[PDB]
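What follows is a short report on a single structure.
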Amino acid sequence: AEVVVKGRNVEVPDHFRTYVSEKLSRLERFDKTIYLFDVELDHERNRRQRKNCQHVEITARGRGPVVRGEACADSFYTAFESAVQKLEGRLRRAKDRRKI
Amino acid sequence: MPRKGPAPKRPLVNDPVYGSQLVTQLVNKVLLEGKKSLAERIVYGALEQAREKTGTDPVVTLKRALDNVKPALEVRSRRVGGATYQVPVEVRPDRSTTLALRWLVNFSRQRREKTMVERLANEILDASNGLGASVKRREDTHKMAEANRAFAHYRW
Amino acid sequence: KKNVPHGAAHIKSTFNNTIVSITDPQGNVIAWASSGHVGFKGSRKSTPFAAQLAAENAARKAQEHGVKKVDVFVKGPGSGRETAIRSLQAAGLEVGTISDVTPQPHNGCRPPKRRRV
Amino acid sequence: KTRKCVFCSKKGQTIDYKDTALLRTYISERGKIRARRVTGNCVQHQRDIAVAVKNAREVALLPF
Amino acid sequence: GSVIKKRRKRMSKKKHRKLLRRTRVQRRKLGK
RNA sequence: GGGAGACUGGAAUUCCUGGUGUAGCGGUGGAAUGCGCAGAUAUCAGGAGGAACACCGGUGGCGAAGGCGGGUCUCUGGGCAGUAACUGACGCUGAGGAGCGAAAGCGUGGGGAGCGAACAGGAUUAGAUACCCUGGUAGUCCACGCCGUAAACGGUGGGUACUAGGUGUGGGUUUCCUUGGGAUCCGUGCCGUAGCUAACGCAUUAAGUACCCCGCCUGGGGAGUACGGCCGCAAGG
RNA sequence: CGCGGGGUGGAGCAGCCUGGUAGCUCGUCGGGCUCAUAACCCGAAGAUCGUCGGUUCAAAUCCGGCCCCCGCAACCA
């Protein structure tokens with residue numbers, strides 16, 4: 001499970017590295033089909049007497065073909081949590097749906 | 001040009017040396033890309049080597065091999081409800097000539113003669129007798145079609 | 001073994017297969033032919049081609065005991081009634097009757113309730 | 001059909017459970033009872049035909 | 001109307017039923 | 001097909017004995033547990049036993065509401081119309097109250113074919129304490145009682161008088177053509193004015209126009225829950 | 001103690017009593033199936049009879065042993 005972590009326009013704290021590792025690591029748990037993950041972290045809303053909109057994109061080449069998956073949230077941890085919930089359900093569906 | 005109906009196809013001129021639709025169509029399916037002239041040298045040289053190993057008209061040997069590889073039924077693909085069904089379907093004439101020439105060229109290309117001319121000569125000869133791997137692919141395609149006859153009803 | 005001058009077919013066309021016995025007027029069955037015994041198994045057993053091969057093998061084992069004329073008795077809902085009648089009229093036995101004896105309860109025992117898949 | 005009846009229109013006729021001809025005019029070839037729409041009965045005599053056919057089946061005069 | 005009202009009510013009802021399953025025994029003996 | 005009691009009818013499912021007869025049957029989206037090879041499924045003959053009543057039968061009948069359909073007999077309840085013979089306002093509603101009240105459930109005693117919670121195995125699935133499959137006990141059935149609850153719904157308390165119509169169908173009286181229409185009283189549907197409504201809709205079977213009596217509501221949760229009492233064998237109300 | 005039967009692609013199972021014609025089932029890759037996953041479906045890659053001995057045209061096949069395998073049922077072995 002190769003895990004590339006890019007910004008977009010943003011610092012990348014050691015809390016973000018660890019949290020990224022553990023949410024995305026849920027996927028290593030039960031989807032053995034994985035290969036590369038590419039994770040890229042946008043930061044707008046900021047600068048406008050308002051609350052910053054984070055965005056997370058995640059790319060995932062499974063064993064086979066390419067998921068993508070995009071999430072916008074007021075903060076970063078809540079967004080990456082949500083993104084991993086979605087990915088887990090999908091994959092088991094791409095696990096699912098088949099078996100005769 | 002699918003989903004609007006059938007699309008009009010290009011008319012194909014016949015061969016200068018041999019005078020057949022099927023020789024020129026074999027040339028256009030020999031054409032690993034770019035060199036139609038070199039495809040003509042492969043097909044022509046292979047059919048005069050067939051002329052050497054038969055002593056007859058080469059296009060009769062070609063059409064007899066083409067007949068002995070030509071399939072009648074093809075399997076496919078429709079997955080009704082969570083199970084993949086090999087469905088056997090009647091093959092059109094042009095589809096059958098296409099599978100005959102395309103199998104002939106590709107499994108000549110797998111064969112282990114030195115040049116391409118000796119490969120295509122030996123594959124047209126072995127398909128004329130019935131001893132190539134391409135005839136075994138015709139028998140395996142009719143093996144999948146006759147083994148899967150029941151699923152054919154959908155009328156599809 | 002014996003000779004039978006004419007007999008009656010029994011075709012059980014119940015969705016997953018058709019079991020084709022033939023029977024004299026007495027009702028004893030000379031031989032029984034089924035799709036499963038042809039070699040098909042599972043969902044291919046349900047197919048009408050399985051009924052055609054079941055009536056083919058039933059008509060050959062029928063013809064080995066010398067039956068010529070047959071009155072066909074077909075059972076209830078399923079795929080392979082007129083296909084089995086077709087393979088019987090081609091495979092050595094002739095038409096006769098086509099009698100649709102479906103076992104009809106009249107709100108009898110309560111049927112299994114509902115399949116939600 | 002689309003008549004109005006034979007008992008209510010002809011205005012004298014009795015439906016009789018012994019009479020096997022009249023009850024076999026209203027059952028089908030299967031033996032099942034035809035409808036009020038198929039035969040055009042008044043509703044009273046559709047009840048009395050249904051009960052009469054049912055009695056005649058109970059005493060073996062109709063092939064059930 | 002909507003079935004949401006009906007279902008909130010029914011959630012309450014369910015929870016209560018369960019609460020009487022588990023305390024059934026206890027209510028009998030603590031009451032007796 | 002209002003109710004109760006009694007007697008009885010056939011088709012179908014299951015088991016049983018006996019034939020005929022062989023390797024599969026069953027099941028599924030696809031399969032596997034499963035029943036078989038000791039003679040199954042299949043088919044024929046006979047027997048047992050239980051439950052439910054195909055067709056008629058539907059936007060149809062009856063009942064206060066639950067509800068009610070095999071047949072026949074016995075006992076019994078209500079409704080409608082016609083005449084107007086009788087009584088002469090004896091009407092309406094009805095707080096508390098008594099009675100009836102689907103299904104599930106409860107007690108004692110029978111019965112137990114099919115279906116079947118719970119309960120197993122199989123499969124699916126990341127995982128199924130699920131759907132789907134194979135089996136399967138209480139139950140479903142009857143006798144005698146409890147319980148008192150439901151989307152017990154027309155989501156519309158009961159009574160009465162009036163307010164354009166059009167068309168179906170159910171019960172019955174009569175005037176006319178001579179079964180056809182008319183008119184009438186009672187019933188049940190579909191469409192439609194006026195009027196009403198927040199809107200959808202209702203619309204002579206009102207949610208219209210008015211009178212009489214009862215029930216009930218007063219923001220959402222907390223909660224139809226606690227405490228207390230009453231009923232109940234208990235579940236609980 | 002015996003008299004018996006019992007060996008055949010990795011395996012299980014035949015066939016082995018009437019010599020010419022050893023099958024069969026899971027461990028096999030490639031396909032077609034789906035946008036897919038898998039299955040479902042097709043084909044494919046291994047034994048000429050544990051083995052060695054005589055005769056007959058032909059010998060797993062018929063007969064001698066062995067390695068074995070046992071079934072047991074006997075053993076006052």
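Ligands are numbered from 1 in the order shown, residues from 1 within each chain, and chains are lettered A, B, ... in the order they appear in the structure tokens.
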List every residue of chain G that has an atom at most 7 Å from any atom of chain A, giving for each one its closest atom pair and the distance in Å to one decimal, counting only C-alpha atoms (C1' of nucleotides), sorted by chain and then by ascending residue number, as a tab-separated table.
residue	atom	partner	partner_atom	distance
G:37	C1'	A:98	CA	5.9
G:38	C1'	A:99	CA	5.6
G:39	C1'	A:100	CA	4.7
G:40	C1'	A:100	CA	6.5
Just write the chosen residues, C-alpha atoms (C1' of nucleotides), as a PDB file, in the first residue's frame.
ATOM      1  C1'   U G  37     -15.286  -9.318  -9.196  1.00  0.00           C
ATOM      2  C1'   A G  38     -15.824 -13.935  -9.173  1.00  0.00           C
ATOM      3  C1'   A G  39     -18.587 -18.275 -10.161  1.00  0.00           C
ATOM      4  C1'   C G  40     -21.318 -20.314 -14.343  1.00  0.00           C
TER       5        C G  40
END
Check which residues of chain C sit at most 10 Å from chain G using only C-alpha atoms (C1' of nucleotides), and return one row each with the closest pair of atoms and their distance in Å to one decimal, ordered by chain and rising number, as JSON lines.
{"residue": "C:42", "atom": "CA", "partner": "G:40", "partner_atom": "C1'", "distance": 9.7}
{"residue": "C:43", "atom": "CA", "partner": "G:40", "partner_atom": "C1'", "distance": 9.4}
{"residue": "C:44", "atom": "CA", "partner": "G:40", "partner_atom": "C1'", "distance": 9.8}
Same residues, C-alpha atoms, output as a short mmCIF file (atom, residue, chain, number, x, y, z; two decimals), in the first residue's frame:
data_model
loop_
_atom_site.label_atom_id
_atom_site.label_comp_id
_atom_site.auth_asym_id
_atom_site.auth_seq_id
_atom_site.Cartn_x
_atom_site.Cartn_y
_atom_site.Cartn_z
CA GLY C 42 -28.40 -26.56 -11.97
CA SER C 43 -30.03 -23.69 -13.81
CA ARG C 44 -29.34 -25.25 -17.21
#
Output as a PDB file with C-alpha atoms, in the first residue's frame the set of chain E residues within 12 Å of chain F, with distances taken over only C-alpha atoms (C1' of nucleotides).
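Result went into part-v4.pdb, see below:
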ATOM      1  CA  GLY E   1     -49.476  12.743   7.210  1.00  0.00           C
ATOM      2  CA  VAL E   3     -44.671   8.622   8.764  1.00  0.00           C
ATOM      3  CA  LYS E   5     -44.194  11.244  13.630  1.00  0.00           C
ATOM      4  CA  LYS E   6     -45.504   7.651  13.695  1.00  0.00           C
ATOM      5  CA  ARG E   8     -40.714   8.582  16.615  1.00  0.00           C
ATOM      6  CA  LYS E   9     -43.689   7.471  18.666  1.00  0.00           C
ATOM      7  CA  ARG E  10     -42.921   3.834  17.810  1.00  0.00           C
ATOM      8  CA  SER E  12     -40.399   5.283  22.225  1.00  0.00           C
ATOM      9  CA  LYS E  13     -42.854   2.360  22.406  1.00  0.00           C
ATOM     10  CA  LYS E  15     -37.605   1.050  23.921  1.00  0.00           C
ATOM     11  CA  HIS E  16     -40.241   0.825  26.622  1.00  0.00           C
ATOM     12  CA  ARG E  17     -41.153  -2.790  25.710  1.00  0.00           C
ATOM     13  CA  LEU E  19     -37.189  -2.072  29.307  1.00  0.00           C
ATOM     14  CA  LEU E  20     -40.091  -4.212  30.584  1.00  0.00           C
ATOM     15  CA  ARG E  21     -38.521  -7.409  29.225  1.00  0.00           C
ATOM     16  CA  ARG E  24     -39.884  -8.116  34.296  1.00  0.00           C
ATOM     17  CA  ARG E  28     -42.261  -8.903  40.170  1.00  0.00           C
TER      18      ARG E  28
END
Which residues of chain C have any atom within 12 Å of an atom in chain D when counting only C-alpha atoms, and what is the closest pair of atoms for each, with the distance in Å to one decimal? Order the rows by chain and rising number and write it as JSON lines.
{"residue": "C:99", "atom": "CA", "partner": "D:30", "partner_atom": "CA", "distance": 11.9}
{"residue": "C:100", "atom": "CA", "partner": "D:30", "partner_atom": "CA", "distance": 11.1}
{"residue": "C:101", "atom": "CA", "partner": "D:30", "partner_atom": "CA", "distance": 11.2}
{"residue": "C:106", "atom": "CA", "partner": "D:32", "partner_atom": "CA", "distance": 11.8}
Now that the selection is made, can you save its residues with N, CA and C atoms as a PDB file, in the first residue's frame?
ATOM      1  N   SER C  99     -53.040 -33.011 -23.170  1.00  0.00           N
ATOM      2  CA  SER C  99     -53.953 -32.819 -22.053  1.00  0.00           C
ATOM      3  C   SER C  99     -53.210 -32.088 -20.946  1.00  0.00           C
ATOM      4  N   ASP C 100     -53.715 -30.917 -20.571  1.00  0.00           N
ATOM      5  CA  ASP C 100     -53.072 -30.079 -19.574  1.00  0.00           C
ATOM      6  C   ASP C 100     -53.556 -30.360 -18.158  1.00  0.00           C
ATOM      7  N   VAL C 101     -53.145 -31.470 -17.549  1.00  0.00           N
ATOM      8  CA  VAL C 101     -53.599 -31.820 -16.209  1.00  0.00           C
ATOM      9  C   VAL C 101     -52.729 -31.089 -15.198  1.00  0.00           C
ATOM     10  N   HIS C 106     -58.078 -26.067  -4.543  1.00  0.00           N
ATOM     11  CA  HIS C 106     -59.084 -25.014  -4.544  1.00  0.00           C
ATOM     12  C   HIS C 106     -59.121 -24.328  -3.175  1.00  0.00           C
TER      13      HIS C 106
END
Can you work out which residues from chain F touch chain A at a cut-off of 7 Å (counting only C-alpha atoms (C1' of nucleotides)) and hand them back as a PDB file with C-alpha atoms (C1' of nucleotides), in the first residue's frame?
ATOM      1  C1'   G F  29     -29.363 -15.051  -9.233  1.00  0.00           C
ATOM      2  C1'   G F  30     -25.745 -19.240  -9.065  1.00  0.00           C
ATOM      3  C1'   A F 126     -15.987  -7.523   5.587  1.00  0.00           C
TER       4        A F 126
END
Select residues of chain B: the criterion is any atom within 12 Å of an atom of chain A, counting only C-alpha atoms; output as a PyMOL selection string. chain B and resi 79-85
Would you export the selected residues with C-alpha atoms as an mmCIF file, in the first residue's frame, please?
data_model
loop_
_atom_site.group_PDB
_atom_site.id
_atom_site.type_symbol
_atom_site.label_atom_id
_atom_site.label_comp_id
_atom_site.auth_asym_id
_atom_site.auth_seq_id
_atom_site.Cartn_x
_atom_site.Cartn_y
_atom_site.Cartn_z
ATOM 1 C CA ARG B 79 -25.015 -11.723 -18.126
ATOM 2 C CA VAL B 80 -28.625 -12.271 -17.069
ATOM 3 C CA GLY B 81 -28.841 -11.694 -13.322
ATOM 4 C CA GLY B 82 -25.570 -12.265 -11.500
ATOM 5 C CA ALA B 83 -24.276 -15.071 -13.716
ATOM 6 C CA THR B 84 -22.223 -14.769 -16.897
ATOM 7 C CA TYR B 85 -23.884 -16.729 -19.704
#
Please identify every residue of chain G that has at least one atom no more than 8 Å from any atom of chain B, counting only C-alpha atoms (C1' of nucleotides), and report them as a PyMOL selection string. chain G and resi 32-34+39-43
Preceding selection exported with N, CA, C and O atoms (P, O5', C5', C4', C3', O3' and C1' of nucleotides) as a PDB file, in the first residue's frame:
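That gives us selection-v4.pdb:
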ATOM      1  P     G G  32     -11.477 -13.630 -23.654  1.00  0.00           P
ATOM      2  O5'   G G  32     -13.058 -13.723 -23.820  1.00  0.00           O
ATOM      3  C5'   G G  32     -13.654 -13.970 -25.107  1.00  0.00           C
ATOM      4  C4'   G G  32     -14.982 -14.671 -24.942  1.00  0.00           C
ATOM      5  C3'   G G  32     -15.947 -14.021 -23.957  1.00  0.00           C
ATOM      6  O3'   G G  32     -16.814 -13.116 -24.630  1.00  0.00           O
ATOM      7  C1'   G G  32     -15.630 -16.284 -23.364  1.00  0.00           C
ATOM      8  P     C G  33     -17.130 -11.684 -23.989  1.00  0.00           P
ATOM      9  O5'   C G  33     -18.398 -11.975 -23.069  1.00  0.00           O
ATOM     10  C5'   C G  33     -18.686 -13.307 -22.605  1.00  0.00           C
ATOM     11  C4'   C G  33     -19.560 -13.254 -21.375  1.00  0.00           C
ATOM     12  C3'   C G  33     -19.512 -11.947 -20.593  1.00  0.00           C
ATOM     13  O3'   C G  33     -20.542 -11.067 -21.025  1.00  0.00           O
ATOM     14  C1'   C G  33     -19.016 -13.746 -19.145  1.00  0.00           C
ATOM     15  P     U G  34     -20.203  -9.536 -21.348  1.00  0.00           P
ATOM     16  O5'   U G  34     -21.124  -8.740 -20.320  1.00  0.00           O
ATOM     17  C5'   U G  34     -21.385  -9.262 -19.004  1.00  0.00           C
ATOM     18  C4'   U G  34     -21.108  -8.205 -17.961  1.00  0.00           C
ATOM     19  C3'   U G  34     -20.205  -7.062 -18.408  1.00  0.00           C
ATOM     20  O3'   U G  34     -20.981  -5.976 -18.902  1.00  0.00           O
ATOM     21  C1'   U G  34     -19.314  -8.044 -16.455  1.00  0.00           C
ATOM     22  P     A G  39     -13.084 -18.090  -9.249  1.00  0.00           P
ATOM     23  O5'   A G  39     -14.112 -19.250  -9.615  1.00  0.00           O
ATOM     24  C5'   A G  39     -15.197 -19.014 -10.532  1.00  0.00           C
ATOM     25  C4'   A G  39     -16.516 -19.344  -9.877  1.00  0.00           C
ATOM     26  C3'   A G  39     -17.434 -20.269 -10.675  1.00  0.00           C
ATOM     27  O3'   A G  39     -17.243 -21.624 -10.282  1.00  0.00           O
ATOM     28  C1'   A G  39     -18.587 -18.275 -10.161  1.00  0.00           C
ATOM     29  P     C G  40     -17.821 -22.808 -11.188  1.00  0.00           P
ATOM     30  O5'   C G  40     -19.004 -22.104 -11.989  1.00  0.00           O
ATOM     31  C5'   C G  40     -20.379 -22.321 -11.621  1.00  0.00           C
ATOM     32  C4'   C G  40     -21.280 -22.094 -12.812  1.00  0.00           C
ATOM     33  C3'   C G  40     -20.740 -22.596 -14.146  1.00  0.00           C
ATOM     34  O3'   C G  40     -21.184 -23.924 -14.398  1.00  0.00           O
ATOM     35  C1'   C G  40     -21.318 -20.314 -14.343  1.00  0.00           C
ATOM     36  P     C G  41     -20.136 -25.047 -14.843  1.00  0.00           P
ATOM     37  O5'   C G  41     -19.960 -24.777 -16.403  1.00  0.00           O
ATOM     38  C5'   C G  41     -21.084 -24.399 -17.220  1.00  0.00           C
ATOM     39  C4'   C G  41     -20.619 -24.022 -18.606  1.00  0.00           C
ATOM     40  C3'   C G  41     -19.301 -24.648 -19.047  1.00  0.00           C
ATOM     41  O3'   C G  41     -19.535 -25.858 -19.759  1.00  0.00           O
ATOM     42  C1'   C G  41     -19.162 -22.300 -19.258  1.00  0.00           C
ATOM     43  P     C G  42     -18.527 -27.089 -19.594  1.00  0.00           P
ATOM     44  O5'   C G  42     -17.357 -26.720 -20.598  1.00  0.00           O
ATOM     45  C5'   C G  42     -17.601 -26.816 -21.982  1.00  0.00           C
ATOM     46  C4'   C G  42     -16.537 -26.155 -22.801  1.00  0.00           C
ATOM     47  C3'   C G  42     -15.131 -26.679 -22.633  1.00  0.00           C
ATOM     48  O3'   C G  42     -14.887 -27.916 -23.277  1.00  0.00           O
ATOM     49  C1'   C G  42     -15.079 -24.347 -22.612  1.00  0.00           C
ATOM     50  P     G G  43     -14.493 -29.199 -22.390  1.00  0.00           P
ATOM     51  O5'   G G  43     -12.938 -29.374 -22.650  1.00  0.00           O
ATOM     52  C5'   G G  43     -12.441 -29.591 -23.956  1.00  0.00           C
ATOM     53  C4'   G G  43     -11.520 -28.479 -24.362  1.00  0.00           C
ATOM     54  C3'   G G  43     -10.104 -28.553 -23.828  1.00  0.00           C
ATOM     55  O3'   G G  43      -9.269 -29.407 -24.594  1.00  0.00           O
ATOM     56  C1'   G G  43     -10.956 -26.403 -23.440  1.00  0.00           C
TER      57        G G  43
END
Apply DSSP to the structure's backbone, then extract all residues of chain A labelled strand (DSSP E) and return them as a ChimeraX atom specification. /A:2-7,34-44,53-62,66-73
Write out as a PDB file with N, CA, C and O atoms, in the first residue's frame the residues lying within 9 Å of residue 23 (chain A), counting only C-alpha atoms (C1' of nucleotides) and excluding same-chain residues fewer than 3 positions away.
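So result29.pdb came out as:
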ATOM      1  N   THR A  18      -0.222  11.332  10.414  1.00  0.00           N
ATOM      2  CA  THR A  18      -0.665  10.197  11.237  1.00  0.00           C
ATOM      3  C   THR A  18      -2.139   9.871  10.991  1.00  0.00           C
ATOM      4  O   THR A  18      -2.458   8.736  10.658  1.00  0.00           O
ATOM      5  N   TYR A  19      -3.026  10.866  11.047  1.00  0.00           N
ATOM      6  CA  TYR A  19      -4.456  10.684  10.802  1.00  0.00           C
ATOM      7  C   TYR A  19      -4.764  10.127   9.408  1.00  0.00           C
ATOM      8  O   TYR A  19      -5.533   9.174   9.272  1.00  0.00           O
ATOM      9  N   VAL A  20      -4.087  10.659   8.382  1.00  0.00           N
ATOM     10  CA  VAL A  20      -4.143  10.149   7.009  1.00  0.00           C
ATOM     11  C   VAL A  20      -3.800   8.680   6.966  1.00  0.00           C
ATOM     12  O   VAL A  20      -4.567   7.879   6.421  1.00  0.00           O
ATOM     13  N   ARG A  26      -7.472   1.909   7.519  1.00  0.00           N
ATOM     14  CA  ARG A  26      -8.721   1.124   7.532  1.00  0.00           C
ATOM     15  C   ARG A  26      -8.970   0.348   6.227  1.00  0.00           C
ATOM     16  O   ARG A  26      -9.287  -0.856   6.221  1.00  0.00           O
ATOM     17  N   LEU A  27      -8.759   1.046   5.111  1.00  0.00           N
ATOM     18  CA  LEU A  27      -8.868   0.406   3.792  1.00  0.00           C
ATOM     19  C   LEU A  27      -7.854  -0.732   3.572  1.00  0.00           C
ATOM     20  O   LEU A  27      -8.252  -1.812   3.111  1.00  0.00           O
ATOM     21  N   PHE A  80     -11.766  13.698   6.155  1.00  0.00           N
ATOM     22  CA  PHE A  80     -11.029  12.486   5.813  1.00  0.00           C
ATOM     23  C   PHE A  80     -11.624  11.214   6.413  1.00  0.00           C
ATOM     24  O   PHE A  80     -11.710  10.200   5.718  1.00  0.00           O
ATOM     25  N   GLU A  81     -12.174  11.323   7.622  1.00  0.00           N
ATOM     26  CA  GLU A  81     -13.114  10.371   8.207  1.00  0.00           C
ATOM     27  C   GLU A  81     -14.225  10.061   7.207  1.00  0.00           C
ATOM     28  O   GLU A  81     -14.297   8.928   6.720  1.00  0.00           O
ATOM     29  N   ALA A  83     -14.641  10.615   4.030  1.00  0.00           N
ATOM     30  CA  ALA A  83     -14.096  10.055   2.814  1.00  0.00           C
ATOM     31  C   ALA A  83     -13.772   8.572   2.953  1.00  0.00           C
ATOM     32  O   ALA A  83     -14.148   7.793   2.071  1.00  0.00           O
ATOM     33  N   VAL A  84     -13.179   8.172   4.075  1.00  0.00           N
ATOM     34  CA  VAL A  84     -12.956   6.762   4.347  1.00  0.00           C
ATOM     35  C   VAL A  84     -14.229   5.976   4.592  1.00  0.00           C
ATOM     36  O   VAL A  84     -14.303   4.869   4.057  1.00  0.00           O
ATOM     37  N   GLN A  85     -15.270   6.536   5.221  1.00  0.00           N
ATOM     38  CA  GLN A  85     -16.551   5.820   5.297  1.00  0.00           C
ATOM     39  C   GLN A  85     -17.122   5.455   3.910  1.00  0.00           C
ATOM     40  O   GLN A  85     -17.408   4.281   3.579  1.00  0.00           O
TER      41      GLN A  85
END
Please, which residues of chain F lie no more than 8 Å from chain D when the count uses only C-alpha atoms (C1' of nucleotides), and can they be set out as a PyMOL selection string? chain F and resi 9-10+55-56+70-71+179
With distances taken over only C-alpha atoms (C1' of nucleotides), which of C:114, C:37, C:2, C:45 is nearest to chain F? C:37
What residues in chain F have any atom no more than 7 Å from chain C when counting only C-alpha atoms (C1' of nucleotides), and can you write them as a PyMOL selection string? chain F and resi 11-13+20-21+42-44+52-54+114-115+132
Name the residues of chain B that come out as helix (DSSP H, G or I) in a backbone DSSP run; write them as a ChimeraX atom specification. /B:21-30,36-54,58-69,93-109,117-129,133-147,150-154
Quick one: residues within 12 Å of residue 16 (chain G), only C-alpha atoms (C1' of nucleotides) counted, chain neighbours fewer than 4 positions away excluded, as a ChimeraX atom specification? /G:6-8,22,49,59-62
Could those selected residues go to a file with N, CA and C atoms (P, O5', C5', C4', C3', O3' and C1' of nucleotides), as a PDB file, in the first residue's frame?
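Printed below is part-v7.pdb as written:
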ATOM      1  P     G G   6      -8.315 -58.774  -5.961  1.00  0.00           P
ATOM      2  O5'   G G   6      -7.520 -57.609  -5.219  1.00  0.00           O
ATOM      3  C5'   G G   6      -7.981 -56.246  -5.279  1.00  0.00           C
ATOM      4  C4'   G G   6      -7.703 -55.546  -3.969  1.00  0.00           C
ATOM      5  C3'   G G   6      -6.397 -54.765  -3.906  1.00  0.00           C
ATOM      6  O3'   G G   6      -6.610 -53.405  -4.268  1.00  0.00           O
ATOM      7  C1'   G G   6      -6.473 -56.304  -2.119  1.00  0.00           C
ATOM      8  P     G G   7      -6.311 -52.918  -5.763  1.00  0.00           P
ATOM      9  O5'   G G   7      -5.060 -51.949  -5.582  1.00  0.00           O
ATOM     10  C5'   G G   7      -4.566 -51.167  -6.686  1.00  0.00           C
ATOM     11  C4'   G G   7      -3.208 -50.595  -6.351  1.00  0.00           C
ATOM     12  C3'   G G   7      -2.255 -50.434  -7.531  1.00  0.00           C
ATOM     13  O3'   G G   7      -1.399 -49.316  -7.335  1.00  0.00           O
ATOM     14  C1'   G G   7      -1.349 -51.985  -5.999  1.00  0.00           C
ATOM     15  P     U G   8      -2.003 -47.834  -7.348  1.00  0.00           P
ATOM     16  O5'   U G   8      -2.267 -47.569  -8.898  1.00  0.00           O
ATOM     17  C5'   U G   8      -1.243 -46.999  -9.735  1.00  0.00           C
ATOM     18  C4'   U G   8      -1.618 -47.146 -11.191  1.00  0.00           C
ATOM     19  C3'   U G   8      -2.726 -46.224 -11.680  1.00  0.00           C
ATOM     20  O3'   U G   8      -2.181 -45.014 -12.190  1.00  0.00           O
ATOM     21  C1'   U G   8      -3.271 -48.458 -12.219  1.00  0.00           C
ATOM     22  P     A G  22      -6.773 -49.308 -24.506  1.00  0.00           P
ATOM     23  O5'   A G  22      -6.825 -49.356 -22.914  1.00  0.00           O
ATOM     24  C5'   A G  22      -6.463 -48.205 -22.128  1.00  0.00           C
ATOM     25  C4'   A G  22      -7.391 -48.072 -20.944  1.00  0.00           C
ATOM     26  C3'   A G  22      -7.280 -46.761 -20.167  1.00  0.00           C
ATOM     27  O3'   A G  22      -8.228 -45.812 -20.645  1.00  0.00           O
ATOM     28  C1'   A G  22      -6.965 -48.575 -18.691  1.00  0.00           C
ATOM     29  P     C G  49       1.136 -51.413 -18.232  1.00  0.00           P
ATOM     30  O5'   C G  49       1.357 -51.817 -16.710  1.00  0.00           O
ATOM     31  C5'   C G  49       2.055 -50.946 -15.832  1.00  0.00           C
ATOM     32  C4'   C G  49       1.141 -50.374 -14.784  1.00  0.00           C
ATOM     33  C3'   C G  49       0.752 -51.340 -13.664  1.00  0.00           C
ATOM     34  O3'   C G  49       0.576 -50.571 -12.464  1.00  0.00           O
ATOM     35  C1'   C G  49      -1.189 -50.620 -14.766  1.00  0.00           C
ATOM     36  P     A G  59       0.698 -58.708 -25.116  1.00  0.00           P
ATOM     37  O5'   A G  59      -0.262 -59.641 -24.254  1.00  0.00           O
ATOM     38  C5'   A G  59      -1.551 -59.205 -23.834  1.00  0.00           C
ATOM     39  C4'   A G  59      -1.655 -59.173 -22.336  1.00  0.00           C
ATOM     40  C3'   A G  59      -0.375 -58.749 -21.632  1.00  0.00           C
ATOM     41  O3'   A G  59      -0.695 -57.986 -20.473  1.00  0.00           O
ATOM     42  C1'   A G  59      -0.969 -60.933 -20.944  1.00  0.00           C
ATOM     43  P     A G  60      -0.291 -56.435 -20.411  1.00  0.00           P
ATOM     44  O5'   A G  60      -1.028 -55.897 -19.111  1.00  0.00           O
ATOM     45  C5'   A G  60      -0.328 -55.116 -18.152  1.00  0.00           C
ATOM     46  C4'   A G  60      -1.010 -55.150 -16.807  1.00  0.00           C
ATOM     47  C3'   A G  60      -1.745 -56.431 -16.478  1.00  0.00           C
ATOM     48  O3'   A G  60      -0.865 -57.435 -16.012  1.00  0.00           O
ATOM     49  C1'   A G  60      -3.051 -54.544 -15.862  1.00  0.00           C
ATOM     50  P     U G  61      -0.570 -58.732 -16.916  1.00  0.00           P
ATOM     51  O5'   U G  61      -2.005 -59.380 -17.071  1.00  0.00           O
ATOM     52  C5'   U G  61      -2.668 -59.859 -15.915  1.00  0.00           C
ATOM     53  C4'   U G  61      -4.119 -59.465 -15.874  1.00  0.00           C
ATOM     54  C3'   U G  61      -5.088 -60.533 -16.340  1.00  0.00           C
ATOM     55  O3'   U G  61      -6.197 -60.560 -15.461  1.00  0.00           O
ATOM     56  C1'   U G  61      -5.479 -58.532 -17.508  1.00  0.00           C
ATOM     57  P     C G  62      -6.332 -61.764 -14.414  1.00  0.00           P
ATOM     58  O5'   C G  62      -5.564 -62.951 -15.135  1.00  0.00           O
ATOM     59  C5'   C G  62      -6.265 -63.853 -15.980  1.00  0.00           C
ATOM     60  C4'   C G  62      -5.405 -65.033 -16.343  1.00  0.00           C
ATOM     61  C3'   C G  62      -4.415 -65.476 -15.278  1.00  0.00           C
ATOM     62  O3'   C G  62      -5.029 -66.305 -14.307  1.00  0.00           O
ATOM     63  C1'   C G  62      -3.385 -65.463 -17.440  1.00  0.00           C
TER      64        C G  62
END
Distance CA of residue 56 (chain C)-CA of residue 88 (chain C), one decimal place?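 So the two atoms, CA of residue 56 (chain C) and CA of residue 88 (chain C), lie 6.6 Å apart.
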Residues within 9 Å of residue 16 (chain D), only C-alpha atoms (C1' of nucleotides), excluding chain neighbours under 6 positions, as a PyMOL selection string: chain D and resi 22-23+49+52
